[PDB]
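So the structure is just underneath, and the comments pick up after that.
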Amino acid sequence: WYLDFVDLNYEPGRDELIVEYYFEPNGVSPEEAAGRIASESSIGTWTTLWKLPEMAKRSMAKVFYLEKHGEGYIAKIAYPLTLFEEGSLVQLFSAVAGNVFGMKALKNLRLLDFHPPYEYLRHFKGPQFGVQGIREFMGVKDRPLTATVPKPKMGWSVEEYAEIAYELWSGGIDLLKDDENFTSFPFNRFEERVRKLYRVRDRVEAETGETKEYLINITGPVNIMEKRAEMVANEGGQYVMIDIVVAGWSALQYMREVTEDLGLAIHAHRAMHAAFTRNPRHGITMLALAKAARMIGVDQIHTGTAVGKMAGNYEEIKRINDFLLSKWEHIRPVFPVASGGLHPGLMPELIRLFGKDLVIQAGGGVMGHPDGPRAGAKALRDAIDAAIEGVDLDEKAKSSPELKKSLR
Amino acid sequence: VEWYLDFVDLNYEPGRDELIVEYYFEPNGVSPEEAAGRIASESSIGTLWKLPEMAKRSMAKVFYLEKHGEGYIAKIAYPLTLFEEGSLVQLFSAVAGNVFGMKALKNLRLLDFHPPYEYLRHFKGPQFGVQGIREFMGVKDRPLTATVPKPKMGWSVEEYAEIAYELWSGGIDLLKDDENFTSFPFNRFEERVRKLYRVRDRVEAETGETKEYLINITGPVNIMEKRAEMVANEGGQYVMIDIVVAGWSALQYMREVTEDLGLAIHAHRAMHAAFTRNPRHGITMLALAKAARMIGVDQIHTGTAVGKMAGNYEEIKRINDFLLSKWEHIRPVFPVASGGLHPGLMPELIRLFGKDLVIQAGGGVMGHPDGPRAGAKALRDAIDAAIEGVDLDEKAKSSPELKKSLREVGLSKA
Amino acid sequence: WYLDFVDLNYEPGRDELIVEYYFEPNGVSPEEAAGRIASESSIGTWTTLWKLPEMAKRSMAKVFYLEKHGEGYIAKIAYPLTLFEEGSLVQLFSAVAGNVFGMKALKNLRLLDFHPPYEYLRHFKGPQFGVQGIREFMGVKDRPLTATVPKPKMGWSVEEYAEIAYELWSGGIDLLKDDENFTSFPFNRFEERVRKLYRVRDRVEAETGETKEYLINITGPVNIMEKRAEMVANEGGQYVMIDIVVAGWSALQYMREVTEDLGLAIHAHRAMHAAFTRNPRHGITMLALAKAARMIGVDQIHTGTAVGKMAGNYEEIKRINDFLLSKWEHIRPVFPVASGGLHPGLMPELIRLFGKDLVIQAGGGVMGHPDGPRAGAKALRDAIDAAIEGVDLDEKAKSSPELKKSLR
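Chains as they are written, first to last, in PDB author numbering: chain E, 10 to 417; chain A, 8 to 54, 58 to 424; chain E', 10 to 417. A prime marks a further copy of an entry chain.
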């Protein structure tokens, strides 16, 4: 039966969903392995007896491309839309990213990418704001945005958090960002944080004439996340942060509706992703993850950077960033968020390689500045201004004491 | 102009994900090809500033154009980018809107449409259909029977209850309100619902047979919803809506309501003939029945082959065939036959149109010489006879009520 | 029995509803045909046995006028109010415009007009705003209002729609108008359109000191239409557009209550009407449609124009326009909306023939202006100013470059 699912001359219609897998077979032929992925991700097996169901035949997936690739194989598989509950990314992932990973006839299986047809994709809204909508409400037309996570990442009282925030925002940071694990604690309850931090936010706005925002972490059981998002909207926030991998796709799809009602942008933290995106032979790629997140509609998502302290291989990151920012029917582009050991001196290189449409998360460089967080923020903003203006950092530094000290 | 000809390409092969509409038309002062492109244009993107990418992609295409009688038939392909999926209202605004008013046509008739799978899948179709209705009614094989009281207006709730008792007791399956009969100071809907389902339950207890009520909930939508809620609360399994007068927007919403409440929909088609009757202009009954079946009415009036209604056999059969055909996940709909039907016509009716019908024969039944109960019995008897292949004159020997109906009809003709 | 319904000497009371029909009999006498319309639209048939119902006799319709008219006949029929559920235009149309159209004893049947008595009409509110209420909230006291539908009529993104809108409004258009088929699409969702277009609206108001509005198309299944109307009211809109024939009378009556609660005027698009108003022998007239729409209470409705590109016979259109604008107890007058190939050069004639109480929809002329939509709007506003002021277009054109170019 597994071979009924393999037709290397099949030409998929524009209304079929395509998934690309890498795999290594275990004691079976490449074709049998491929067929097995297709059957398991579609109708399973049958032509014996007791009534074949009427839509089974029309719902068969088909392997239409199979080629050797290094130590394994790449297959592309076409899925008729009769297999799917439209609007449920959850059910899509149960089909194409479910039981297939555990099959003993494969040593390894990686979902590399997928391509939803227009009739699947039209039932997703994508980002509510995207790059352009964020740039509008932030009032930042050309340069990348800046973000900072306080260090240490845990243990502040609300008052202590408010003071750091005041300093970061005042020095030039656009977005305060909670750490992925920083949700709500006895010494820093979410409700008290929301009531205080947005007062400090509004004060800095009045004093500087620059828009400031807060990537506040609403991550929790979904009912709690919804209540936290309502609190944020009620205080005048326009962003919520969600750890999307830990929270999961069912909650994210629902929160996308909540954020639509409340006018909130979503910053997606991708903590836990490496558990299945890191292994080059087995799991789901960051690309496929980013695609699903963009389709549902996160407005910004972490992708990594190119340095040594973050390391980060250039081709993979570039590829994801390019996808996030590409035209894709009605789905608004998503800001890549660059983080990892970033600091003012790396800004020209970051921006040469990755463009101006970025959220630059540079908490280390900012917090660890010898004159304090406010000075570190200033320094970062100055390195970005110089990168965009084509000005050498050492030249800028002669008119920016804060940047000067950072480059030492 | 040459712009309108950009919408015409008679070698185009439409993909399986495009919606097709078939029109008859007669041009008025332009060529046939220019008329057809005008139709395609006006029902898609219409006609300095940057022509958006989506507009180019969303152009309809005339891919078939042949002469037909005194005019022409065109088939036009519509990408689904033109449509708000789930909204039959919006589809009809595009393909059945301003297009009828076009000065470049003398006449335009929407003949039929074919939604692709990706459009159709966002409609549920009938909640019950033929098989759902036969299950809740407990009637496995024969046609169902319905009767609208005569006269059609003016009854108190008590008088209506008494007629209903007789009709159901005599064997009618479905009491039917007239299309004009909603709620009046002398017969308020709330009172009628609270009384008639007690009568219904009484008749079920006495006969062992299931009885139902095609009760007319037609009104402003908020009123129809409230009336549907009252029917469900009294144990009713059907509501009747005059779907042409009420309209598509209300009907789509009411199909959600009846999903929640577990109610079947009987669609009365009053006013349809204002646009379905003219063979050169309007919307065919076929196209209308298709839209109603997609949304999901469970029974709909189509017409009969009778003395009184000498309706076209071939058009009626085409509609009934469509209603009963397999159509993906969309359940089949019962055709409702009516128009001057009496017991003597049951064998011809069933021979020509089959057993999957609701037969509304109010006139024969109400006009029986021994009263409505006897008319109901006579109708049921003629139907059993037709199904078992027994001559009506043979059946009449064991059924005095049928005997009398057959005799009196014979005494009523020249 | 059909003859019991004919009394050519009957004088209807002021409390009876009168309907006027055109018909052609098919094998029966004019009187029998007329009687058949009356019976079918009232009590049907009966005097045999099994209890005549108590209110049947008092609910009989009566043909009281029958005269030859060309190739057929006109009948007027009086209906006692016992036949009707008061406040339900739906039930009125089921009686008088229902099964009568399909009767085989008539070759043709047209409902020409109806006349509700005060005790029927008092249960309808008519337009919430009408001509005077619109003129008040638009701040436009004498001249006709202007409207424009973007071309092409479909396929814009929200951002592209907002830019056209900015230009139209800025040049002088009063009302942006969505096309009848332009509701909500993946590339232009209603909720995102509402949130953006009213921001651009408020900006143009601030910059020009002129009120601007949006005939935004809420047409859909009724629950969806209600949610869309709430969205519009919430953003500060005062108008919604409904395709009333496609949506239908049940939804319209309900929406009239929704718009009452929300303070919204209704613009009625009449798409699909020609399916039954166009045939001179059979259907319902535009007059009767306009009457029902006015009674429920649309504030503006399309009637057509007098040119060549719209063609439009003058007597019929004038007659409807006159009715819409006439005193009619408590029912406010309704703006006729003139559309069809209109452009600045036709304004003096349009206004001579049809008056200043019009909404002039002139999308072709405006969008197709050689200097752009903004210039086209300006040109239209200038042709209207000149028409009202008694000024020759070629004279105006010497102080209006935009109009000058349009007249070429």
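The C-beta atom is built at its ideal place from N, Cα and C for all residues, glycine as well.
What does residue i touch in chain E' if you count any residue whose Cβ is under 7 Å from its own?
i      : result
A:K113 : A320
A:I52  : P161, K162, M163 and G164
E:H339 : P195 and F196
A:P34  : Near A:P34 there are no residues of chain E' at all, since even the closest Cβ is about 15 Å away, more than 7 Å.
For residue i, which residues in chain E fall below 9 Å Cβ to Cβ?
i       : result
A:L90   : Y127, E128 and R131
A:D16   : Near A:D16 there are no residues of chain E at all, since even the closest Cβ is about 19 Å away, more than 9 Å.
E':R212 : Under the 9 Å cutoff, chain E gives no residues; its nearest Cβ is about 13 Å from E':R212.
Strictly below 8 Å CB to CB, what residues from chain A border residue i?
i       : result
E':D252 : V99, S103 and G107
E':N330 : Ordered by position in chain A, no residue passes the 8 Å Cβ test against E':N330, which lies about 17 Å from the chain.
List, in order along the chain, the chain A residues whose C-beta lies closer than 7 Å to that of residue i?
i       : result
E':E325 : By Cβ distance, chain A contributes nothing, its closest Cβ being about 13 Å from E':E325, past 7 Å.
E':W55  : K160 and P161
E':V255 : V99, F102, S103, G107 and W258
E':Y263 : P230, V231 and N232
Under 8 Å Cβ to Cβ from residue i, same chain only, skipping five residues before and after it: list those, please.
i       : result
A:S166  : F196 and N197
E:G142  : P136, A274, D308 and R341
E':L416 : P353, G354, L402, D403 and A406
A:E168  : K205
E':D151 : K365 and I397
E':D16  : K71, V72 and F73
What does the Cβ neighbour count give for residue i, buried or exposed, with the cut at 16 atoms within 10 Å?
i       : result
E:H282  : buried
A:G246  : buried
E:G272  : exposed
E:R45   : buried
E:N108  : exposed
E':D188 : buried
E:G111  : exposed
E:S259  : exposed
A:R383  : buried
A:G53   : buried
A:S422  : exposed
A:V8    : exposed
Can you give me the Cβ contacts of residue i inside the same chain, cut-off strictly under 7 Å, excluding the 5 residues immediately before and after it?
i       : result
A:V254  : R279, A280, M281 and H282
E':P379 : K414
Against residue i, what residues of chain E qualify as contacts under a CB-to-CB distance less than 8 Å, listed in chain order?
i      : result
A:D183 : The contacting residues do not exist; A:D183 stays about 31 Å from chain E at best.
Strictly below 9 Å CB to CB, what residues from chain A border residue i?
i       : result
E:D24   : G22, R23, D24, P126, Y127 and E128
E':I173 : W59
E':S193 : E94, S97 and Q100
Can you list, in chain order, the residues of its chain with a C-beta nearer than 6 Å to that of residue i? Leave out the 5 residues immediately preceding and following it.
i      : result
A:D24  : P126 and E128
E:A156 : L184, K186, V368 and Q370
A:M356 : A392, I393 and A396
E:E40  : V15
E:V105 : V28 and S50
E:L12  : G44
Run down chain E in chain order and give the residues with a C-beta less than 7 Å from the C-beta of residue i.
i       : result
E':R202 : Per Cβ cutoff of 7 Å: no residues; E':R202 is ~12 Å from chain E at best.
Identify the contact partners of residue i in chain E', using a Cβ-Cβ distance below 8 Å as the criterion.
i      : result
A:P153 : Near A:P153 there are no residues of chain E' at all, since even the closest Cβ is about 22 Å away, more than 8 Å.
A:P62  : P161, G164, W165, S166 and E169
If the cut is a Cβ gap below 9 Å, which residues of chain E' does residue i touch?
i      : result
E:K336 : Neighbours of E:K336 on chain E': none; closest Cβ ~11 Å, over 9 Å.
Ordered list of alpha helix (DSSP H) runs contained in the stretch 299-362 of chain E, each at least 4 residues: 323-334
Inside the stretch 32-111 of chain E' only - beta strand (DSSP E) runs reaching at least 3 residues: 71-78 and 81-88
Contained alpha helix (DSSP H) runs [length at least 4] in the stretch 136-161 of chain E, N- to C-terminal order: 139-147
Uninterrupted beta strand (DSSP E) stretches inside the stretch 203-258 of chain A (no shorter than 3 residues): 222-224 and 248-252
Near-chain A residues of the stretch 282-293 of chain E' - C-beta to any C-beta below 8 Å: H282, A283, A284, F285, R287, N288, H291, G292 and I293
Positions along the stretch 139-150 of chain E' whose CB lies within less than 8 Å of some CB in chain A: none
Residues from the stretch 224-237 of chain A in contact with chain E', defined by Cβ distance under 7 Å: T228, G229, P230, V231, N232 and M234
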